[PDB]
Amino acid sequence: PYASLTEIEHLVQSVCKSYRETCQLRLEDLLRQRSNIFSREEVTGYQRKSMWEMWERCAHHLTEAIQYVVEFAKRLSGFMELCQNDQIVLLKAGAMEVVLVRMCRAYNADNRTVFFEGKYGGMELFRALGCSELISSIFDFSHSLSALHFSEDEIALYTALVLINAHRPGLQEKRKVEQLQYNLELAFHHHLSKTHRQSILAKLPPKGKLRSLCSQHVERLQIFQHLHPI
Ligand SMILES: Cc1ncc(C(=O)Nc2cc(Cl)cc(CN3CCN(C(=O)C4CCCC4)[C@@H](C)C3)c2C)cn1
């Protein structure tokens, strides 16, 4: 019922290994490459692309991102033991939320640029999409998250808890999800206490804010998918 220190340490290690096995680019590489910024020629090139081409570019990126998140979820202890309903409930709510959180790794707060197709560019890069307000919202959320200066280990633990969330409506074995959520909270708090970083807990975004942004994101994605299916 009350996991030992050894159990908690092993869970931290498990989650962090699972995460590193399931992310595309190393954070160190994203950080190093912040100086590589799209030229004006490249930006205007992107802006002159059709809406549909830009949609394809973004949708294929998101497909890859979601695929990695699903693989991460399945590697979390206990997840594959949950009934199918609960797995689906958690993934349908949580996968795109984790995708959004993982985006902050590729966000540069110094100049409000993001990594996309080999270099950093501002929100202007995506003009052809005609989604200025939504993209601004994504940049804003990422800027707030960027302020925590997450380690990869912290992102692993935080995103585990984004997924393993017993407060999702529709769950049929809430106790089982609650148990997994608690164990993961114990892992997160242990790792933060070890590293003297517990203060970051009072700086995480409200879970509702993440859900709302996800809802707004998915709404627009469904529109593009309807107009131009991938
Ligand atoms: C290899 C690799 N790793 C990580 C990353 C990355 O996260 N970049 C990244 C990070 C942040 Cl904070 C914001 C953005 C902006 N874009 C805008 C387009 N977009 C959409 O969904 C549109 C589709 C229709 C609706 C809006 C999203 C992909 C977000 C990006 C690209 C990239 N490449």
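Along the sequence shown, the residues carry numbers beginning at 1. One-based numbering, in listed order, for ligands and for the atoms of each.
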Side-chain ion pair, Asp140 and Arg112, N-O less than 4.0 Å
yes
Could you identify the single nearest non-hydrogen protein atom to atom 3 (N) of ligand 1 and state the distance to 0.1 Å?
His61 CE1, 3.8 Å
Checking contacts here: is it the side chain or the backbone of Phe115 that comes within 4.0 Å of ligand 1, counting heavy atoms only? Could be both or neither.
both
In terms of side-chain geometry, is the basic nitrogen of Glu21 or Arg75 positioned less than 4.0 Å from the acidic oxygen of its partner?
yes
Closest to atom 21 (O) of ligand 1 among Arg105, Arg102, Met123, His217 (heavy-atom distance)
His217
Starting from atom 18 (C) of ligand 1, locate the nearest protein heavy atom and write down its residue, its atom name and how far away it is, to 0.1 Å.
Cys58 SG, 3.6 Å
For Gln87 and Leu82, indicate whether the former's side chain and the latter's backbone hold a donor-acceptor pair under 3.5 Å.
yes
Measuring from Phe126:CZ to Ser136:OG, what's the distance to the nearest 0.5 Å?
12.5 Å
Is the closest side-chain heavy-atom distance between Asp29 and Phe115 below 4.5 Å?
no
So the atoms of ligand 1 within less than 4.0 Å of a heavy atom of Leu62 turn out to be 21 (O)
Should we say atom NZ of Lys119 is surrounded by more than 12 heavy atoms from elsewhere, each under 6.0 Å from it?
yes
Judged by heavy atoms only, the candidate from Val114, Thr113, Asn108, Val99 nearest atom 13 (C) of ligand 1 is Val114
Would you mind listing which atoms of ligand 1 come within a distance below 4.0 Å of any non-hydrogen atom of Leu25?
1 (C)
With the side chain counted from C-beta on, respond yes when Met123 and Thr113 share a heavy-atom pair under 4.5 Å apart, and no when they do not.
no
What are the atoms of ligand 1, with element, lying closer than 4.0 Å to any heavy atom of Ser142?
12 (Cl)
Quick check on contacts: which atoms of ligand 1 are under 4.0 angstrom from a heavy atom of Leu129?
22 (C)
May I ask you to check whether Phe139 has an N/O atom sitting below 3.5 Å from an N/O atom of ligand 1?
no
